[PDB]
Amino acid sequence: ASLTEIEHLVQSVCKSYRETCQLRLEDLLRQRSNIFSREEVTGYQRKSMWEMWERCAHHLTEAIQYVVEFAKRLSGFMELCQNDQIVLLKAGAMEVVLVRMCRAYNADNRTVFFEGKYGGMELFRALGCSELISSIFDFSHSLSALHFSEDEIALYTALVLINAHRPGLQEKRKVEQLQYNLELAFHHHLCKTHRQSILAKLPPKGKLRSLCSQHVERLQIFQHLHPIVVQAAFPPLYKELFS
């Protein structure tokens, strides 16, 4: 890649991101006053743990579907062997969803858009993983403080996925090249827009991985205590990526 070509990569990635979001950011912002009542929050909190897990896994699976669509749009992805496509998605799809979550998060009142209204972390109390949920909301709060542009969150999420260090890659040097192109595009864009200061403020590496690990650990406990629920009422895509 040359200068015009680096800038074309920036543009391609941004368009891929915008085209594969669940909801438009303007529609999320316009709904910020629409907040779950105390009664509605209590309804969620009182739901059985298995049912709330099932419901949340359904929404998580839908979000993952959009991340797969995003991945399919990135240069080089569709040309990797299926092993490597799946390696990258297993290692990174949940990470991408956790980064995308900041679009739905309102830092002013620490709420997220879930099932048509905004609610706080206490909405999810029935899941029995409150430490994890708290850590996820704090991660969104950290990302909100960065005030990502569309370009910046598009490129940063591409880099979450296109990571040549993932164990199990059969074409590691190809993924290295893809990752480098993306890094150079990202850093070029930050240089041009006087936004290089965000690089020092991005979450440490390890942070996303730790949230993703916590999920898998919690899922292990759930699935052990409720194996028929998982078999019968969790989505196949979820089970393929996490169980």
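Residue numbers here begin at 1 and follow the sequence given.
Higher mean CA temperature factor between 220 to 228 and 17 to 25: 17 to 25, per the PDB entry.
For the pair 116 to 124 and 78 to 86, the mean B factor over Cα atoms is greater in 78 to 86. Per the deposited coordinates, the residue with the largest Cα temperature factor out of 94, 145, 153, 169 is 145. Residues shown: 58, 201, 188, 215. Highest C-alpha temperature factor in the entry: 201.
The entry lists a Cα temperature factor for residue 109 that places it in the highest third of the chain's modelled residues. In the PDB entry, a CA B factor belonging to the lowest third of its chain's modelled residues is recorded for residue 183. Ranked within its chain, residue 193 lands in the middle third, by CA B factor from the PDB record.
When the modelled residues of the chain are ordered by their C-alpha B factor, residue 45 lands in the middle third. Among the modelled residues of its chain, residue 35 has a C-alpha B-factor that falls in the highest third, as given in the PDB entry.
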